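One structure below.
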Amino acid sequence: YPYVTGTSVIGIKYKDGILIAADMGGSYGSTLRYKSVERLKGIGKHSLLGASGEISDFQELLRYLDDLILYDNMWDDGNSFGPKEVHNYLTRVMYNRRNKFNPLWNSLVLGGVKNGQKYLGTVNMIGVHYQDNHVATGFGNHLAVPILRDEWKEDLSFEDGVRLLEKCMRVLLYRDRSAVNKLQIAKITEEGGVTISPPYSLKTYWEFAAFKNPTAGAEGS
Amino acid sequence: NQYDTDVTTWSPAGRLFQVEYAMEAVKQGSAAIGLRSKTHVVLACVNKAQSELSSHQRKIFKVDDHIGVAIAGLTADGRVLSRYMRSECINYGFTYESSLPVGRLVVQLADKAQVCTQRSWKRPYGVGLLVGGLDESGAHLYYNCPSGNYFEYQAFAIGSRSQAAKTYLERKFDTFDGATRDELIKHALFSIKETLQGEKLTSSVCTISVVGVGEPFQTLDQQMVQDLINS
């Protein structure tokens, strides 16, 4: 069963690089046990992934990928895994562990840029995978892919990318009940490398007259 | 010689006579040539016409779209190793969906030969390979040896009567660096001509194969090779 689980991890391929956002919450049933669980990591030189779902399993996937990437690096023969190979390895491991009826309970968003070809893709807890311009997991797949599809552009700027991604993440924060206001945006680019935003919280709006007074009256509401 | 008869027994001089002999197997086999450029690797083989009745056997094996082999020595061990490399490249493709670099495949192959070289009750493979394929850094030529050592070369000739080919390549390897595909093929034909004791230039005796940065591994046909020698 999933015990300590996280939530949506949206993804948006923008000009000159890739952006991924994910709140810092790990919930335990209904409680938010944890509110500072960095759920985005940088993998190798050319990659970056976030995970949703069980946080123990995600921490294990990090060990798998760290051994993979260290073994890859120690060769020093001048070729390394780009986003594509890393994502394919992730799909293979997730599917294999599904075949054992012992799944890794996570949903993985992995993306990155290598040789000027920027890749972004996803993997499910049962091996379902696809590579796209913008991906999401969990409720980010209901409440964020509509707005991502609606507003994504071929050459989205970095600031426009951040503002779109925050639009999505705020829309989730309004209506997910599993999401904490803390969150991180991760930037990966060619020749800059991965760069993870410091944690922060988004301003939210509640002062609508209909909210203040459901119905309307001097006494009732 | 008391230390001669087993793989695990170091002689007082520090020599594994069994591995030395396994390396004698390749020096006795039919000759193979190999030579490269920044982007292309040519694998040939002076495959003998022993009799008017017999034919030869396939020595230059494809392994992947981008890696080729040219065994030398016990053909059965060569077949086993080529099968192994083929399956290894296919596994790499299955997992990462990309080409396995040559530099890594050769090291894995050398580890296989070594682990055979170490344990008792086993024997060194007794076949030496000229492996050449592709990598992000271009195209490479390697020589696996039965002893578990491996090397990277600009051009190398192994098998019987290779000195005739080596003494030629020594005087031309320095131009291969940027030479165009056809220049490598012409050089390889000349090399095969040198090792050809009969000195007869015919398409039947020698086989050629080429792999390049955008040229999947392929074996030049009898007619095409005959056309080149006719030149």
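The way I read the labels, and the way they are meant: chains A, B, ... in the order of the structure tokens, residue 1 as the first residue of every chain, and ligand 1 as the first ligand shown, with later ones counted on from there.
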
Chain A residues near chain B within 10 Å, closest pair each, using only C-alpha atoms, as a tab-separated table:
residue	atom	partner	partner_atom	distance
A:75	CA	B:104	CA	8.3
A:77	CA	B:103	CA	7.3
A:78	CA	B:137	CA	6.7
A:79	CA	B:136	CA	5.9
A:80	CA	B:136	CA	9.0
A:81	CA	B:96	CA	8.7
A:84	CA	B:96	CA	7.6
A:85	CA	B:96	CA	4.5
A:86	CA	B:96	CA	7.1
A:87	CA	B:96	CA	8.1
A:88	CA	B:96	CA	5.2
A:89	CA	B:96	CA	5.6
A:90	CA	B:95	CA	9.2
A:91	CA	B:95	CA	8.8
A:92	CA	B:95	CA	6.4
A:93	CA	B:95	CA	9.0

Would you export the selected residues with N, CA and C atoms as a compact mmCIF listing (two decimals), in the first residue's frame, please?
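Output file result35.txt follows:
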# COMPACT_ATOMS: atom_id res chain seq x y z
N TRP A 75 33.76 5.44 -16.75
CA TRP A 75 34.39 4.99 -17.98
C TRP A 75 35.31 6.05 -18.55
N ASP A 77 35.13 7.44 -21.36
CA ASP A 77 35.39 7.21 -22.77
C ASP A 77 34.75 8.26 -23.67
N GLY A 78 34.09 9.26 -23.10
CA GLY A 78 33.60 10.36 -23.88
C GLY A 78 32.19 10.21 -24.40
N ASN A 79 31.41 9.29 -23.86
CA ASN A 79 30.00 9.17 -24.19
C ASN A 79 29.22 8.81 -22.93
N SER A 80 28.04 9.40 -22.81
CA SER A 80 27.27 9.28 -21.58
C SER A 80 25.79 9.21 -21.93
N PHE A 81 24.99 8.89 -20.92
CA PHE A 81 23.56 8.76 -21.12
C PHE A 81 22.92 10.13 -21.20
N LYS A 84 17.32 10.39 -23.03
CA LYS A 84 16.61 9.29 -23.67
C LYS A 84 16.96 7.96 -23.02
N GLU A 85 18.26 7.67 -22.91
CA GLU A 85 18.65 6.39 -22.35
C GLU A 85 18.23 6.28 -20.90
N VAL A 86 18.35 7.36 -20.14
CA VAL A 86 17.95 7.29 -18.74
C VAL A 86 16.47 7.01 -18.62
N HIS A 87 15.65 7.67 -19.44
CA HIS A 87 14.22 7.42 -19.37
C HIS A 87 13.89 6.00 -19.81
N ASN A 88 14.62 5.48 -20.78
CA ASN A 88 14.37 4.11 -21.22
C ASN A 88 14.75 3.11 -20.14
N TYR A 89 15.85 3.36 -19.44
CA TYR A 89 16.20 2.53 -18.31
C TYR A 89 15.12 2.59 -17.24
N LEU A 90 14.58 3.77 -16.99
CA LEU A 90 13.52 3.89 -15.99
C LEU A 90 12.29 3.11 -16.41
N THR A 91 11.88 3.22 -17.67
CA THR A 91 10.73 2.45 -18.12
C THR A 91 10.98 0.97 -17.95
N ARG A 92 12.18 0.51 -18.31
CA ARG A 92 12.46 -0.91 -18.21
C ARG A 92 12.40 -1.37 -16.76
N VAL A 93 13.00 -0.62 -15.84
CA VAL A 93 12.97 -1.06 -14.45
C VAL A 93 11.55 -1.04 -13.91

Inset, instruction - Write out as JSON, numbers by chain each polymer residue whose atoms come within 9 Å of residue 8 of chain A, counting only C-alpha atoms; drop sequence neighbours fewer than 6 positions from it. - result: {"A": [21, 22, 23, 51, 52, 53, 136, 137, 138, 139, 140, 141, 169, 172, 179]}

Emit the selected residues as a PDB file, in the first residue's frame, including N, CA, C and O atoms.
ATOM      1  N   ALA A  21       8.369  21.293 -12.195  1.00  0.00           N
ATOM      2  CA  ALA A  21       7.923  21.853 -10.930  1.00  0.00           C
ATOM      3  C   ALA A  21       7.252  20.785 -10.089  1.00  0.00           C
ATOM      4  O   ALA A  21       6.543  19.928 -10.610  1.00  0.00           O
ATOM      5  N   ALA A  22       7.445  20.861  -8.780  1.00  0.00           N
ATOM      6  CA  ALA A  22       6.859  19.871  -7.894  1.00  0.00           C
ATOM      7  C   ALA A  22       6.864  20.391  -6.470  1.00  0.00           C
ATOM      8  O   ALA A  22       7.887  20.864  -5.976  1.00  0.00           O
ATOM      9  N   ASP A  23       5.719  20.286  -5.806  1.00  0.00           N
ATOM     10  CA  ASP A  23       5.636  20.770  -4.441  1.00  0.00           C
ATOM     11  C   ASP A  23       6.512  19.918  -3.532  1.00  0.00           C
ATOM     12  O   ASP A  23       6.941  18.820  -3.884  1.00  0.00           O
ATOM     13  N   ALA A  51       9.587  12.909  -9.162  1.00  0.00           N
ATOM     14  CA  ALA A  51       8.775  11.732  -8.933  1.00  0.00           C
ATOM     15  C   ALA A  51       7.572  12.101  -8.093  1.00  0.00           C
ATOM     16  O   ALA A  51       7.588  13.098  -7.378  1.00  0.00           O
ATOM     17  N   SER A  52       6.509  11.332  -8.236  1.00  0.00           N
ATOM     18  CA  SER A  52       5.335  11.434  -7.393  1.00  0.00           C
ATOM     19  C   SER A  52       5.098  10.074  -6.761  1.00  0.00           C
ATOM     20  O   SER A  52       5.833   9.120  -7.012  1.00  0.00           O
ATOM     21  N   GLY A  53       4.057   9.955  -5.960  1.00  0.00           N
ATOM     22  CA  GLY A  53       3.790   8.616  -5.420  1.00  0.00           C
ATOM     23  C   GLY A  53       4.639   8.308  -4.217  1.00  0.00           C
ATOM     24  O   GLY A  53       5.122   9.259  -3.586  1.00  0.00           O
ATOM     25  N   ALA A 136       2.713  15.549 -17.049  1.00  0.00           N
ATOM     26  CA  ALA A 136       2.308  15.725 -15.668  1.00  0.00           C
ATOM     27  C   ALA A 136       1.953  14.366 -15.097  1.00  0.00           C
ATOM     28  O   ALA A 136       1.768  13.396 -15.833  1.00  0.00           O
ATOM     29  N   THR A 137       1.876  14.296 -13.775  1.00  0.00           N
ATOM     30  CA  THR A 137       1.527  13.066 -13.089  1.00  0.00           C
ATOM     31  C   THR A 137       0.489  13.363 -12.022  1.00  0.00           C
ATOM     32  O   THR A 137       0.459  14.449 -11.450  1.00  0.00           O
ATOM     33  N   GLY A 138      -0.357  12.381 -11.745  1.00  0.00           N
ATOM     34  CA  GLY A 138      -1.388  12.592 -10.745  1.00  0.00           C
ATOM     35  C   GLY A 138      -2.370  13.651 -11.190  1.00  0.00           C
ATOM     36  O   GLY A 138      -2.699  13.764 -12.371  1.00  0.00           O
ATOM     37  N   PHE A 139      -2.853  14.448 -10.236  1.00  0.00           N
ATOM     38  CA  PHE A 139      -3.821  15.482 -10.582  1.00  0.00           C
ATOM     39  C   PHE A 139      -3.260  16.501 -11.552  1.00  0.00           C
ATOM     40  O   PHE A 139      -4.031  17.194 -12.213  1.00  0.00           O
ATOM     41  N   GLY A 140      -1.945  16.627 -11.650  1.00  0.00           N
ATOM     42  CA  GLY A 140      -1.395  17.460 -12.695  1.00  0.00           C
ATOM     43  C   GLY A 140      -1.758  16.936 -14.063  1.00  0.00           C
ATOM     44  O   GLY A 140      -1.556  17.615 -15.067  1.00  0.00           O
ATOM     45  N   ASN A 141      -2.270  15.716 -14.123  1.00  0.00           N
ATOM     46  CA  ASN A 141      -2.721  15.131 -15.368  1.00  0.00           C
ATOM     47  C   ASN A 141      -4.180  15.441 -15.660  1.00  0.00           C
ATOM     48  O   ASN A 141      -4.631  15.208 -16.781  1.00  0.00           O
ATOM     49  N   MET A 169       0.587  25.136 -11.306  1.00  0.00           N
ATOM     50  CA  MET A 169       0.837  24.633  -9.964  1.00  0.00           C
ATOM     51  C   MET A 169      -0.083  25.308  -8.960  1.00  0.00           C
ATOM     52  O   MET A 169      -0.557  24.676  -8.014  1.00  0.00           O
ATOM     53  N   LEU A 172      -3.472  23.750  -9.224  1.00  0.00           N
ATOM     54  CA  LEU A 172      -3.485  22.552  -8.393  1.00  0.00           C
ATOM     55  C   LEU A 172      -3.636  22.903  -6.922  1.00  0.00           C
ATOM     56  O   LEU A 172      -4.506  22.361  -6.233  1.00  0.00           O
ATOM     57  N   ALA A 179      -1.720  18.986  -1.642  1.00  0.00           N
ATOM     58  CA  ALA A 179      -0.591  19.809  -2.029  1.00  0.00           C
ATOM     59  C   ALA A 179      -0.298  20.863  -0.975  1.00  0.00           C
ATOM     60  O   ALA A 179      -1.204  21.471  -0.406  1.00  0.00           O
TER      61      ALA A 179
END

Inset, instruction - Would you mind listing what lies within 8 Å of residue 12 of chain A as a PyMOL selection string, with only C-alpha atoms counted and same-chain residues fewer than 6 positions away left out? - result: chain A and resi 18-20+120+133-135+148+152+161+165

Legend entry - Who sits within 7 Å of residue 48 of chain A, only C-alpha atoms, same chain under 4 positions skipped, as a PyMOL selection string: chain A and resi 41-43+110-112+194

Legend entry - Sel. of strand (DSSP E or B) residues, segment 17-152 of chain B, as a VMD selection string: chain B and resid 32 to 36 40 to 46 60 to 64 67 to 70 73 127 129 to 135 138 to 144 150 to 152

Legend entry - helix (DSSP H, G or I) call set, DSSP backbone run, segment 23-109 of chain A, as a ChimeraX atom specification: /A:55-75,83-99

Residues as selected, N, CA, C and O atoms, written as a compact mmCIF listing (two decimals), in the first residue's frame, can you do that?
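Below you can see again.txt, which holds the result:
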# COMPACT_ATOMS: atom_id res chain seq x y z
N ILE A 55 7.30 7.88 -1.51
CA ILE A 55 8.60 8.58 -1.42
C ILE A 55 9.69 7.59 -1.03
O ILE A 55 10.85 7.86 -1.37
N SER A 56 9.37 6.44 -0.45
CA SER A 56 10.46 5.47 -0.18
C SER A 56 10.99 4.94 -1.49
O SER A 56 12.22 4.93 -1.67
N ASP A 57 10.11 4.52 -2.37
CA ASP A 57 10.40 4.01 -3.70
C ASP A 57 11.17 5.04 -4.53
O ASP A 57 12.09 4.68 -5.26
N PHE A 58 10.80 6.31 -4.43
CA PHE A 58 11.55 7.34 -5.15
C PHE A 58 12.98 7.41 -4.65
O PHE A 58 13.93 7.53 -5.44
N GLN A 59 13.17 7.35 -3.33
CA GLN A 59 14.52 7.39 -2.80
C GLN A 59 15.32 6.18 -3.26
O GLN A 59 16.55 6.27 -3.38
N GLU A 60 14.65 5.06 -3.51
CA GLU A 60 15.35 3.89 -4.04
C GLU A 60 15.72 4.08 -5.50
O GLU A 60 16.81 3.70 -5.93
N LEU A 61 14.80 4.64 -6.29
CA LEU A 61 15.11 4.93 -7.68
C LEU A 61 16.30 5.85 -7.78
O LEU A 61 17.10 5.75 -8.71
N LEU A 62 16.44 6.76 -6.83
CA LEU A 62 17.63 7.60 -6.84
C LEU A 62 18.89 6.77 -6.64
O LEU A 62 19.92 7.08 -7.24
N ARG A 63 18.85 5.73 -5.81
CA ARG A 63 20.04 4.89 -5.63
C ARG A 63 20.35 4.14 -6.91
O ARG A 63 21.51 4.06 -7.34
N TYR A 64 19.33 3.57 -7.54
CA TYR A 64 19.54 2.91 -8.83
C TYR A 64 20.19 3.86 -9.82
O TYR A 64 21.21 3.53 -10.43
N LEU A 65 19.62 5.05 -9.97
CA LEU A 65 20.12 5.97 -10.97
C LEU A 65 21.50 6.49 -10.61
O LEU A 65 22.31 6.78 -11.49
N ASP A 66 21.79 6.64 -9.32
CA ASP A 66 23.11 7.11 -8.94
C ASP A 66 24.17 6.07 -9.24
O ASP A 66 25.25 6.41 -9.73
N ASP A 67 23.90 4.80 -8.96
CA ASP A 67 24.85 3.77 -9.37
C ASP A 67 24.99 3.75 -10.89
O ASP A 67 26.11 3.66 -11.41
N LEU A 68 23.88 3.83 -11.61
CA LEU A 68 23.94 3.83 -13.06
C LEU A 68 24.83 4.96 -13.56
O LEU A 68 25.73 4.74 -14.37
N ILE A 69 24.59 6.17 -13.08
CA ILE A 69 25.30 7.33 -13.57
C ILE A 69 26.75 7.34 -13.13
O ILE A 69 27.62 7.77 -13.89
N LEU A 70 27.05 6.88 -11.93
CA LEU A 70 28.45 6.81 -11.52
C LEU A 70 29.21 5.79 -12.35
O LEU A 70 30.35 6.04 -12.76
N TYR A 71 28.62 4.62 -12.57
CA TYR A 71 29.27 3.62 -13.41
C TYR A 71 29.46 4.15 -14.82
O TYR A 71 30.47 3.88 -15.46
N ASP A 72 28.47 4.89 -15.32
CA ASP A 72 28.61 5.51 -16.63
C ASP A 72 29.75 6.51 -16.64
O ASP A 72 30.52 6.58 -17.60
N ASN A 73 29.88 7.31 -15.59
CA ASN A 73 30.90 8.35 -15.58
C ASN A 73 32.29 7.76 -15.48
O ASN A 73 33.22 8.25 -16.12
N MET A 74 32.48 6.71 -14.67
CA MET A 74 33.84 6.26 -14.44
C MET A 74 34.51 5.73 -15.69
O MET A 74 35.74 5.58 -15.70
N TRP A 75 33.76 5.44 -16.75
CA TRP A 75 34.39 4.99 -17.98
C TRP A 75 35.31 6.05 -18.55
O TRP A 75 36.44 5.75 -18.95
N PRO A 83 19.06 12.18 -21.81
CA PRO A 83 17.74 11.93 -21.21
C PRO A 83 17.09 10.69 -21.76
O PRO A 83 16.36 10.01 -21.04
N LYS A 84 17.32 10.39 -23.03
CA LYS A 84 16.61 9.29 -23.67
C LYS A 84 16.96 7.96 -23.02
O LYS A 84 16.08 7.19 -22.63
N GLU A 85 18.26 7.67 -22.91
CA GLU A 85 18.65 6.39 -22.35
C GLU A 85 18.23 6.28 -20.90
O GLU A 85 17.81 5.21 -20.45
N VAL A 86 18.35 7.36 -20.14
CA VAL A 86 17.95 7.29 -18.74
C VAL A 86 16.47 7.01 -18.62
O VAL A 86 16.04 6.19 -17.80
N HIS A 87 15.65 7.67 -19.44
CA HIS A 87 14.22 7.42 -19.37
C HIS A 87 13.89 6.00 -19.81
O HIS A 87 12.96 5.39 -19.28
N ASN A 88 14.62 5.48 -20.78
CA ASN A 88 14.37 4.11 -21.22
C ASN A 88 14.75 3.11 -20.14
O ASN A 88 14.04 2.13 -19.92
N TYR A 89 15.85 3.36 -19.44
CA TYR A 89 16.20 2.53 -18.31
C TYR A 89 15.12 2.59 -17.24
O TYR A 89 14.78 1.57 -16.63
N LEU A 90 14.58 3.77 -16.99
CA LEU A 90 13.52 3.89 -15.99
C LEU A 90 12.29 3.11 -16.41
O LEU A 90 11.68 2.41 -15.59
N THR A 91 11.88 3.22 -17.67
CA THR A 91 10.73 2.45 -18.12
C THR A 91 10.98 0.97 -17.95
O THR A 91 10.10 0.23 -17.50
N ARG A 92 12.18 0.51 -18.31
CA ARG A 92 12.46 -0.91 -18.21
C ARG A 92 12.40 -1.37 -16.76
O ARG A 92 11.81 -2.41 -16.46
N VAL A 93 13.00 -0.62 -15.84
CA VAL A 93 12.97 -1.06 -14.45
C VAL A 93 11.55 -1.04 -13.91
O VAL A 93 11.13 -1.97 -13.21
N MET A 94 10.78 0.01 -14.21
CA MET A 94 9.43 0.08 -13.67
C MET A 94 8.57 -1.06 -14.20
O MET A 94 7.84 -1.70 -13.43
N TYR A 95 8.67 -1.35 -15.49
CA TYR A 95 7.91 -2.46 -16.07
C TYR A 95 8.36 -3.79 -15.49
O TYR A 95 7.53 -4.64 -15.14
N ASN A 96 9.67 -4.00 -15.37
CA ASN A 96 10.17 -5.25 -14.82
C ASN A 96 9.65 -5.47 -13.41
O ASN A 96 9.22 -6.57 -13.06
N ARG A 97 9.67 -4.43 -12.58
CA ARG A 97 9.18 -4.59 -11.22
C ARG A 97 7.67 -4.70 -11.17
O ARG A 97 7.14 -5.22 -10.19
N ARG A 98 6.96 -4.23 -12.20
CA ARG A 98 5.55 -4.55 -12.30
C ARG A 98 5.35 -6.03 -12.59
O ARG A 98 4.41 -6.65 -12.08
N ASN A 99 6.20 -6.61 -13.44
CA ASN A 99 6.07 -8.02 -13.78
C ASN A 99 6.26 -8.91 -12.57
O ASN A 99 5.83 -10.07 -12.59

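If you measure from each of B:206, B:170, B:151, B:219 to residue 56 of chain B using only C-alpha atoms, the closest one turns out to be B:206.
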
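Our summary of the geometry notes that atom CA of residue 190 of chain B is positioned 8.3 Å from atom CA of residue 168 of chain B.
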
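The residue that comes closest to residue 142 of chain A, out of A:199, A:27, A:188, A:171 and on the basis of only C-alpha atoms, is A:171.
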
Legend entry - segment 118-123 of chain B surroundings by only C-alpha atoms, 12 Å radius, close-in-sequence under 5 positions cut, as a count of residues only: 21

Legend entry - 12 Å contact set for residue 198 of chain A, only C-alpha atoms, chain neighbours under 3 positions out, as a PyMOL selection string: chain A and resi 21-24+36+38+40+182-187+195+201

Please dump the current selection as a tab-separated table (two decimals), in the first residue's frame; keep N, CA, C and O atoms.
chain	number	residue	atom	x	y	z
A	21	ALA	N	8.37	21.29	-12.19
A	21	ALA	CA	7.92	21.85	-10.93
A	21	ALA	C	7.25	20.79	-10.09
A	21	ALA	O	6.54	19.93	-10.61
A	22	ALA	N	7.45	20.86	-8.78
A	22	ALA	CA	6.86	19.87	-7.89
A	22	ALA	C	6.86	20.39	-6.47
A	22	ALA	O	7.89	20.86	-5.98
A	23	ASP	N	5.72	20.29	-5.81
A	23	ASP	CA	5.64	20.77	-4.44
A	23	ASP	C	6.51	19.92	-3.53
A	23	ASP	O	6.94	18.82	-3.88
A	24	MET	N	6.78	20.44	-2.34
A	24	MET	CA	7.66	19.79	-1.39
A	24	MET	C	6.90	19.03	-0.33
A	24	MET	O	7.37	18.93	0.80
A	36	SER	N	8.94	19.45	3.61
A	36	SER	CA	10.19	19.92	3.05
A	36	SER	C	10.97	18.78	2.41
A	36	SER	O	12.18	18.65	2.63
A	38	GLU	N	12.43	17.65	-0.68
A	38	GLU	CA	12.83	17.98	-2.04
A	38	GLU	C	12.53	16.81	-2.95
A	38	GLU	O	13.16	15.76	-2.82
A	40	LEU	N	12.61	16.82	-6.38
A	40	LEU	CA	13.27	16.96	-7.66
A	40	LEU	C	14.76	16.72	-7.49
A	40	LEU	O	15.37	17.26	-6.56
A	182	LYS	N	4.53	24.96	-0.34
A	182	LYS	CA	5.95	24.94	-0.69
A	182	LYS	C	6.15	24.22	-2.01
A	182	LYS	O	5.45	23.25	-2.29
A	183	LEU	N	7.10	24.68	-2.82
A	183	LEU	CA	7.29	24.07	-4.13
A	183	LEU	C	8.57	24.57	-4.79
A	183	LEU	O	9.13	25.60	-4.40
A	184	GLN	N	9.03	23.83	-5.79
A	184	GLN	CA	10.29	24.12	-6.46
A	184	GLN	C	10.11	24.01	-7.96
A	184	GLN	O	9.42	23.12	-8.46
A	185	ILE	N	10.77	24.91	-8.69
A	185	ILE	CA	10.88	24.83	-10.14
A	185	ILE	C	12.32	24.47	-10.45
A	185	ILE	O	13.24	25.04	-9.86
A	186	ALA	N	12.52	23.51	-11.34
A	186	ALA	CA	13.85	23.05	-11.70
A	186	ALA	C	14.13	23.41	-13.14
A	186	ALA	O	13.36	23.07	-14.03
A	187	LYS	N	15.24	24.10	-13.37
A	187	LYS	CA	15.65	24.49	-14.71
A	187	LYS	C	16.82	23.64	-15.13
A	187	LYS	O	17.80	23.51	-14.39
A	195	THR	N	19.51	23.32	-12.43
A	195	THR	CA	19.48	24.37	-11.42
A	195	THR	C	18.10	24.36	-10.78
A	195	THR	O	17.11	24.63	-11.45
A	201	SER	N	6.65	29.82	-1.67
A	201	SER	CA	5.20	29.66	-1.63
A	201	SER	C	4.54	30.72	-2.48
A	201	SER	O	5.03	31.85	-2.59

Legend entry - Residue nearest residue 54 of chain A - candidates A:149, A:190, A:144, A:125, atoms counted: only C-alpha atoms: A:125

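In this model, the gap between atom CA of residue 205 of chain A and atom CA of residue 173 of chain A comes to 11.3 Å.
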
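One distance worth recording is that between atom CA of residue 145 of chain B and atom CA of residue 128 of chain B, which is 4.7 Å.
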
Inset, instruction - Please provide the set of residues having any atom within 12 Å of residue 192 of chain A, restricted to only C-alpha atoms, with same-chain residues fewer than 6 positions apart removed, written as a VMD selection string. - result: chain A and resid 16 to 18 45 to 47 112 to 114

Can you spit out the residues from that selection as an mmCIF file, in the first residue's frame, using C-alpha atoms?
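Full text of out-v5.cif as output:
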data_model
loop_
_atom_site.group_PDB
_atom_site.id
_atom_site.type_symbol
_atom_site.label_atom_id
_atom_site.label_comp_id
_atom_site.auth_asym_id
_atom_site.auth_seq_id
_atom_site.Cartn_x
_atom_site.Cartn_y
_atom_site.Cartn_z
ATOM 1 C CA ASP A 16 16.723 26.484 -24.744
ATOM 2 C CA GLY A 17 15.951 23.942 -22.023
ATOM 3 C CA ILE A 18 13.381 22.250 -19.780
ATOM 4 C CA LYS A 45 25.055 15.800 -16.641
ATOM 5 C CA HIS A 46 22.161 15.976 -19.100
ATOM 6 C CA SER A 47 19.086 14.973 -17.098
ATOM 7 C CA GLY A 112 16.709 16.962 -20.087
ATOM 8 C CA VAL A 113 18.743 18.293 -22.978
ATOM 9 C CA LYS A 114 21.676 16.659 -24.742
#

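Among the candidates B:87, B:82, B:11, B:160, the one nearest to residue 197 of chain B when counting only C-alpha atoms is B:160.
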